[PDB]
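Here are the chains, one letter per residue:
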There are 2 protein chains.
Amino acid sequence: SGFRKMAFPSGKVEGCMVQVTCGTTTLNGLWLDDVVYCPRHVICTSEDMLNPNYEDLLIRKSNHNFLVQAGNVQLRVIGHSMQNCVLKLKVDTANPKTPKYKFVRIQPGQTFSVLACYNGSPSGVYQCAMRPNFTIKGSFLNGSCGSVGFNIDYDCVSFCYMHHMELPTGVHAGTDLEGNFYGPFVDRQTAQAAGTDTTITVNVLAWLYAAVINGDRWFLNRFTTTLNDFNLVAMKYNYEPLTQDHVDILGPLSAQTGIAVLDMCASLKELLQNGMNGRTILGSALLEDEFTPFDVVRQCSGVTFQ
Amino acid sequence: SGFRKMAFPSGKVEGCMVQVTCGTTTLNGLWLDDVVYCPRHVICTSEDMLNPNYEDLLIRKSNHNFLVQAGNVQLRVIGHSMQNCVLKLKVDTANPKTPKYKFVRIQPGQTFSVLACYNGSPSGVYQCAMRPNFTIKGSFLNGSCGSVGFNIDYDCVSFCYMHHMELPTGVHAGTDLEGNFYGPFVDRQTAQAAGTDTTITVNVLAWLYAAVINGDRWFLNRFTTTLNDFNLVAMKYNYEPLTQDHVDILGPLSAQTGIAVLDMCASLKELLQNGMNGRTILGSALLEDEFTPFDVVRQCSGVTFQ
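You'll find chain A entered in the PDB entry as 3C-like proteinase, with Severe acute respiratory syndrome coronavirus 2 given as the organism.

Structure representation (structure tokens):
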């Protein structure tokens, strides 16, 4: 028992990290088969970032302008193309540690692990949620761009995030591995701000089911609610609306505990309107929204009585 | 910026995990050079657990009675001895992925990463503290015994913890890699209870320095305090006493931020007495004590590992 924010083991990802330098710019790349992926701003300078013309800048670059290092050994670059905001560097060597992998685009509220890297080398691993405003609350310093987020499903690594930039409130923005930004952000030095961040309700409900399972039920009530009513109250408290997909995903936790999703929604509606009277749930003073229902199910491993 | 509960990259440790089966008992082992380390209770059954005579049980086992599996490959066991509560299995093969490593015994309030494993397979990584009562607040299910805790410094993995058992309050007990329990606990089913757990004061101060470095400085007051003043307030809130050694250890963070230790202590004394008035620190409603001063420096410097 016990409940912890937990990341995926980072080893299959550590086997793909490389350093990529262009001119005086260095950041991290991801080496899969004979390709290296990195943020396209590696070809820029600080001065270019004010109004960058990526097509033109890449035109004036040869393969020889990209120095790719996998620890000690240099990788020869044979080709370079841009896909949206990611550079793809074709190399003469296939990564012998390439895991089974896929590129996925994740949805707001879905979690993933981040391997923070500097100069092609891992610094640390932590669990993140894609916020409703298409930011993540990371821990990243200069040199971290090209750090990736990922899930492991079976033995298959699903890469879902590449780090590009930090916004003025200290949250981070990036792309999927096809180089499309999450959210309304661009890889240019211009006034950007993250939108109003909302709370990931399906994750708050997952966490409430976790509370119940680890013994805390002080907040439960006999009342039940309908879904549109809940959503109208949710809206008022900067909570994301709960969709039918979300109700479906909470099915296993509902079944294990015998507490219907709409029952738990009624408990949450109450907690939002009244506050929590300085009482801790699973040792937290605030409702946690970065635990998915799948995260709670894995750690709790409960049975369902039918 | 950003500040996250961050684990060490787990890859060096994932290459050492194996499955150890003895009769019908299966749990995890650690394969370094030609030795496999695991909890000695692998040689027990549910029968033996009440009050097991480990010496007698081990005498009645040959090398042939131990099946060690490293993915698909079976390892030949060539020797076996017991050191305190760990079994050591000599195998015919040195682990070719053995990292630079050492065995250390940590002190209460020191942090480390746990690689949670099931049947020799890594499932999760998370950051933990050794509590003042020599328990850890883990996330472990049946099958997790022999999961290890570790730090990385330089290119060197320091193994500090092996998981043995869960106490009736849902907290976890185990051993260093020489098989000596942390705390007053034994590897038998006996009435055993964790002592009074306190907060790790020096770690809360480290965390306040992290907040400041990241721009969350609302809690800083102009008040200074004596060490004894601070302690006499702190004691009341189930906080460890702060020692001169603790003040010394916070020197680097004090120097980097240009804020005196005893100033920060005065800010903490204020937070303890008055609460946070709704404000959060680094997104958190509660004071966090699972970051050491070295943890804050590593994360804020972007320290990497081989």
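Next, the rest of the story.
Student: Lay out the overall build of chain A with the relevant residues and their values.
Tutor: Scanning chain A from terminus to terminus reveals eight helices and 13 strands. Based on the C-alpha atoms only, the size of chain A along its principal axes is roughly 70 × 40 × 30 Å. Of all 306 residues assigned to chain A, the portion counted as buried reaches 55%. A total of about 13,400 Å² of accessible surface is found on chain A, and carbon and sulfur atoms cover 49% of it. Between the centroid of the 22 positive side chains of chain A and the centroid of its 26 negative side chains there is a distance of 3 Å.

Student: Describe the pairing of strand β13 (residues 172-175) of chain B, and please don't skip the residues or the numbers.
Tutor: Residues and elements named next belong to chain B. The alternating pattern of β13 places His172 and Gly174 and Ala173 and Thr175 on opposite faces, both of which are buried. Strand direction decides the pairing type here: strand β12 (residues 156-166) and β13, joined by four bridges, are antiparallel. Within the sheet, the bridge partner assigned to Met162 lies in β13 and is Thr175. Joining the antiparallel neighbours β12 and β13 is a turn of five residues, in which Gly170 adopts a positive phi near 85°.

Student: Tell me about the nonpolar core, and name the residues and values.
Tutor: In this structure, A:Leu30, A:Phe159 and B:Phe159 are the most contacted members of the largest nonpolar core, which totals 41 residues. Dropping the residues within four chain positions of it, A:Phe159 is found in contact with A:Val13, A:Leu30, A:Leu32, A:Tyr101, A:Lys102, A:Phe103, A:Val104, A:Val148, A:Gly149, A:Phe150 and A:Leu177. By size, the runner-up hydrophobic cluster in this structure holds 34 residues, among which are A:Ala211, A:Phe230, A:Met264 and A:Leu271.

Student: Provide a residue-level description of the interface of chain A and chain B, including the pertinent values.
Tutor: Every contact between the two is made by 41 residues of chain A and, on the other side, 41 residues of chain B. Summing both partners gives a buried area of about 2,800 Å² for chain A against chain B, and 50% of it is carried by carbon and sulfur. Between the two partners, chain A and chain B, sit two salt bridges. The closest approach of N and O atoms between A:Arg4 and B:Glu290, which form a salt bridge, is 3.3 Å. Summed over the shared surface of chain A and chain B, the result is 26 residue pairs in polar contact. Mapped onto the side of chain A that touches chain B, the elements with two or more residues apiece are α1 (11-14), β9 (111-118), β10 (121-129) and α8 (293-300) of chain A. For the side of chain A that touches chain B, the element with the highest residue contribution is β10(A), accounting for eight residues. Of the residues belonging to the side of chain A that touches chain B, the class tally is 16 nonpolar, 17 polar and eight charged.

Student: Kindly report on the relation of the copies chain A and chain B, identifying the contributing residues and their values.
Tutor: When chain A is brought onto chain B, the operation consists of a screw motion whose angular component is 180° and whose axial shift is 1.0 Å, with 3.0 Å RMSD remaining. On the angle and the small slide along the axis, the relation comes out as a two-fold axis. Among all residues of chain A, the one whose C-alpha sits closest to the rotation axis is A:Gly11, at a distance of 1.8 Å. When the interface residues of chain A are mapped onto chain B, 88% of them are again interface residues, pointing to one common binding face.

Student: Describe in detail the pattern of salt bridges, supporting the description with residues and values.
Tutor: Opposite charge on two side chains makes pairing possible when the charged atoms of those side chains draw close. Residue and element names in this part refer to chain B. Applying the stated rule across the entire model yields 20 salt bridges over all chains. A salt bridge links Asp176 to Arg105, with the nearest nitrogen and oxygen atoms 2.7 Å apart. Taken together, the positions of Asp176 in the loop between β13 and α3 (201-214) and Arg105 in the loop between β8 (101-103) and β9 (111-118) put the pair 71 residues apart, joining distant regions of the chain. For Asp176, a relative accessible area of 1% puts it in the buried group. In this structure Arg105 comes out as partly exposed when scored by relative accessible area, which is 39%.

Student: Which residues make up the packing of helix α4 (residues 227-234) of chain B against helix α7 (residues 261-274) of chain B, and what are the values?
Tutor: All names here are of chain B. Look at α4 against α7: their axes get within 10 Å of each other, and the N-to-C directions meet at 25°. For the element pair α4 / α7, the angle class is roughly parallel. Handedness of the crossing formed by α4 with α7: left-handed. For the pair α4 and α7, the contacting residues are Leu227, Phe230, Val233 and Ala234 in the first and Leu262, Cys265, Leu268, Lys269, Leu272 and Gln273 in the second. Its residues assigned to classes, the contact of α4 with α7 comprises eight nonpolar, one polar and one charged.

Student: Which residues make up the sheet that holds strand β1 (residues 17-22) of chain B, and what are the values?
Tutor: Residues and elements named next belong to chain B. Strand order in this open sheet of seven strands is β5-β4-β1-β2-β3-β7-β6, and the pairing throughout is antiparallel. Lying at the two open borders of the sheet, with one neighbouring strand each, are β5 (73-75) and β6 (77-83). On average, each strand axis in the sheet is inclined to that of its neighbour by 30°, with strand direction left out of account. Bridge count for strand β4 (residues 66-70) against β5 is three bridges, and the pairing is antiparallel. From the neighbouring strand, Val68 faces β5, where its bridge partner is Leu75.

Student: Lay out the side chain of A:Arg131 with the relevant residues and their values.
Tutor: All names here are of chain A. If you trace the backbone, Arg131 turns up in the loop between β10 and β11 (148-153). A residue is classified by how much of its surface remains accessible, and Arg131, at 3% relative accessible area, is buried. Among residues more than four places away in sequence, those in contact with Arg131 are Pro108, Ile136, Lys137, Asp197, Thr198, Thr199, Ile200, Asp289 and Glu290.

Student: Can you break down the packing of aromatic side chains residue by residue, with the values?
Tutor: All names here are of chain A. Going through the model one piece at a time under the given rule, you end up with 18 aromatic pairs over all chains. Ring centres of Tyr101 and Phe103 lie 5.7 Å apart, and the angle between their planes is 45°; this geometry places the pair in the tilted category. On the basis of relative accessibility, which here comes to 26%, the residue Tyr101 falls in the partly exposed class. Aromatic side chains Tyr126 and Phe140 sit 6.1 Å apart centroid to centroid with 65° between the ring planes, which places their arrangement in the edge-to-face category. Remark: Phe140 occurs in the loop between β10 and β11 and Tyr126 occurs in strand β10; sequence separation between them is 14 residues. One exposure class covers both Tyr126 and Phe140, and it is buried. Connected via pairs of aromatic rings, a cluster forms that spans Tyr37, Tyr101, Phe103 and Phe159. The cationic tip of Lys236 hangs over the ring face of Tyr237; the distance from NZ or CZ to the ring centre is 4.3 Å.

Conventions we followed
- Residues numbered from 1 in each chain as written, not as in the entry; some residues may be left out.
- Chains lettered and ligands numbered in written order.
- Heavy atoms only, no water.
- Residues with missing side-chain atoms left out of burial classes, pairs and counts.
- Helix = DSSP H or I, 4+ residues; strand = E, 2+ residues; numbered from the N terminus.
- Buried < 20%, exposed > 50% of the residue type's maximum accessible area, 1.4 Å probe, protein only.
- Areas by Shrake-Rupley, 256 points an atom, 1.4 Å probe, with all protein chains shown as cover.
- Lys, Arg positive; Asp, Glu negative; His and termini not counted.
- Charge placed at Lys NZ, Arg CZ, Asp CG, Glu CD.
- Pairing = 2+ DSSP bridges.
- Core = buried A, V, L, I, M, F, W, Y, C linked by side-chain atoms within 4.5 Å.
- Contact = heavy atoms within 4.5 Å.
- Buried area = accessible area lost by both parts, 1.4 Å probe.
- Salt bridge = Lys/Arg side-chain N within 4 Å of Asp/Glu carboxyl O.
- Polar contact = N/O pair within 3.5 Å; in protein donor to acceptor, adjacent residues only side chain to side chain.
- Nonpolar A, V, L, I, M, F, W, Y, C, P; charged D, E, K, R; others polar.
- Least-squares fit on C-alpha atoms.
- Axes fitted to C-alpha atoms, helices over the stretch in contact; angles between N-to-C directions.
- Parallel < 35°, antiparallel > 145°, perpendicular 65-115°, else oblique.
- Left-handed = near helix turned anticlockwise from the far one by under 90°.
- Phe/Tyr/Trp six-rings, centres within 6.5 Å; stacked < 30°, edge-to-face > 60°.
- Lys NZ or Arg CZ within 6 Å of the ring centre and 35° of its normal.

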